[PDB]
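Before any comments, here is the structure.
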Amino acid sequence: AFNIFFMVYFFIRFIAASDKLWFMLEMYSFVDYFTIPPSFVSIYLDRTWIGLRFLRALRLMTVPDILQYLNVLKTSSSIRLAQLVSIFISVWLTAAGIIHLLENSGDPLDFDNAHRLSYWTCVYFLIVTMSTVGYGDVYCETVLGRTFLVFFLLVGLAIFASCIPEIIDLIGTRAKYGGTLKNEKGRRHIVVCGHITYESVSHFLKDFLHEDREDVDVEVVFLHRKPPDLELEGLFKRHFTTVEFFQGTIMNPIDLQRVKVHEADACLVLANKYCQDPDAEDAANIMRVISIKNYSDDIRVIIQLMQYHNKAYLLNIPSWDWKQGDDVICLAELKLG
Amino acid sequence: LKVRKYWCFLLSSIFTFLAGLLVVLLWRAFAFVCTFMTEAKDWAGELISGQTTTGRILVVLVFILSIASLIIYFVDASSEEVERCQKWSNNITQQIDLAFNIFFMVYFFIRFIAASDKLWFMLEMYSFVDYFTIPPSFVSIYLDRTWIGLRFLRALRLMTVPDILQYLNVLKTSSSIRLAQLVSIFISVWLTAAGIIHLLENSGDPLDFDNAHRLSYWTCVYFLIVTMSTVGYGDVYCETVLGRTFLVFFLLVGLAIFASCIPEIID
Ligand SMILES: CC(C)CCC[C@@H](C)[C@H]1CC[C@H]2[C@@H]3CC=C4C[C@@H](O)CC[C@]4(C)[C@H]3CC[C@]12C
Ligand SMILES: CC(C)CCC[C@@H](C)[C@H]1CC[C@H]2[C@@H]3CC=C4C[C@@H](O)CC[C@]4(C)[C@H]3CC[C@]12C
Ligand SMILES: [K+]
Ligand SMILES: [K+]
Ligand SMILES: [K+]
Ligand SMILES: [K+]
């Protein structure tokens, strides 16, 4: 019942083929040549043979094509991952079928040195070979089995060494920093963005959380684009109950929702004082204030500014209001003062 | 050993995980249809991170019994048999195991309170270790018989050593933190995988248990390092169906760990 469907599917593919000569030599059609015709012969002969039924595993390499036809796979990484997994599994299962047939049948024209091996033992034997472990508990004994193993060792080992490392890093690790900040009743928090480094965060947290000042239950939420390094991650661990970090940009309205800017007491924009171009640094920080004010107008913003002539741009923003608590800390004005 | 009660140990661990999973979901529904918790949640989170003086003691105390729990598992796996019945009062090893396990459940409860969301906490990797470790101890207490079970999961607790050292500010530079993470990950995976091989090979195939392969735990440790190095002497190899099945999955991922951790540890 399955084979008759595949021949009419083969005929449909034949009609759709642009050139018939190259279609007959296609890899997929070669699978159908050695699969369906044996079924009819076994029907007339009233006897069954395992034959080359292992070639059905080669049909798994068209799964990424099938998923792309239905638009299930969209991003490039998912397409690459699907191709590598499908190729590795199909080759692994097909090679195990070849070993299973050659070993169990025995040498041709005598068929007296048959080696009894289960198919799943051959699957286990194949993965030991591709990993280059080679226990030797299971090994090929027939001439044909060893002959195929010689060719497989040349090409099969390269597939394992190229697919598995690329599969692992493509999967990667789950995003450690992400998701929305959990809402709490009667909770006060501030959002700190801009120049977020280990030196800037540690210096800020020491001054912000000092037992010489009044005790207030305000927690700090950090938003930055680049993931933190190991030193910064350890610092956040030591302040687990009062400091939270999220990965994202203040210019993305989605990320502003994640950190709950509209519910924050104030937004603090740190600046890179040791920057090559003070004008470029000031322009980036000014755009951050515009993004925050665009999301909501009644949010207190405190921003570190590098040069005084850039202060006019912030003052000309319609939503900027010094009465409501918006402040500009100009390093050039304060230092020279 | 006429009838094996290993299913009772597995059923209780599955039931405990399922009961806790639905209770959290039911409590969310119960809360939906219907100040101390907030105060306790902040206090609990401060304790597990070792911010206060009592928090530092608990974090250090967690380190001490994490190694101790694994050590008593080594002497427990040295037994020739995997299943045996004995009075709990006769052996002092079971008594010490109970003393360590009761601490880990109250430590689990403290971590549960400190958790921001309870649903994701129940699915955490660390909590999965506690699901299959402590509930079997109580079942073995009532059944008056002991089983090796999944006690090898205690080695997974070693991956929190870098977190413990970071809580106490022992690790400061980035290189030391990276080195601690790689060493802890490699050792925990190596010891856990050896425990899986030791259990599967010694127990035998399920529902028959007649093809058991007698292997010591340290032989499995030696077998694992030969596998990850891709040397494969073949003097020691898996014979059971379940043992080979796990080896197939380990060869896909375990070999990558060795090839990525050891070169990075050396330099
Ligand atoms: C594309 C064509 C020309 C390639 C050559 C045809 C191939 C596929 C055919 C022709 C001869 C056939 C082989 C003849 C003899 C044997 C030995 C038997 O115990 C297993 C099958 C096996 C190994 C056959 C496999 C398929 C085979 C190799
Ligand atoms: C997270 C949950 C859903 C995963 C599935 C539950 C797992 C952990 C449980 C359910 C069935 C259990 C298995 C049932 C049978 C056996 C065979 C026995 O000789 C060794 C233990 C072993 C191998 C058990 C290991 C643990 C097990 C696999
Ligand atoms: K090798
Ligand atoms: K070898
Ligand atoms: K080898
Ligand atoms: K060998």
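As a basis for the values below, the full set of heavy atoms in this structure was taken, side chains included, without hydrogen atoms, waters or symmetry mates. In each ligand, atom 1 is the first atom listed, and ligand 1 is the first ligand listed. Below, chain A is the first sequence line, B the second, and so on; all start at residue 1.
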Determine whether more than 12 heavy atoms belonging to other residues, nucleotides or ligands lie under 6.0 Å from atom CZ of A:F151.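 No.
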Is any NZ, NE, NH1 or NH2 atom of the basic residue among B:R154 and B:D76 found under 4.0 Å from an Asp or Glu carboxylate oxygen of the other?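 Result for this pair is no, no salt bridge flagged.
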Expected output: side-chain [X] to main-chain [Y] donor-acceptor under 3.5 Å:
| X | Y | result |
| --- | --- | --- |
| B:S69 | B:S66 | no |
| A:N104 | A:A114 | no |
| B:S13 | B:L10 | no |
| A:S86 | A:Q83 | yes |

So which protein N/O/S atoms does the K ion (ligand 4) have within less than 3.4 Å?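 You should have found A:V133 O, A:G134 O, B:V231 O, B:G232 O.
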For A:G136 and A:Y139, which heavy atoms make the closest approach, and how far apart are they?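 Where A:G136 meets A:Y139 most closely, the heavy atoms are O-CD2, 3.3 Å.
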Near ligand 2, which protein residues have a heavy atom under 4.0 Å away?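 Heavy-atom contacts below 4.0 Å: B:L10, B:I14, B:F132, B:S203, B:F209.
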Would you check if there is a donor-acceptor pair between the side chains of A:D107 and A:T142 at a distance under 3.5 Å?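 No, because no side-chain N or O of A:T142 sits under 3.5 Å from a partner of the opposite role on A:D107.
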Is it the case that B:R111 places NZ or CZ above or below the six-membered ring of B:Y126, under 6.0 angstrom from the centre and within 45 degrees of the axis?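 Judged by the rule (NZ or CZ under 6.0 Å from the ring centre, within 45° of its axis), B:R111 is not positioned above B:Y126.
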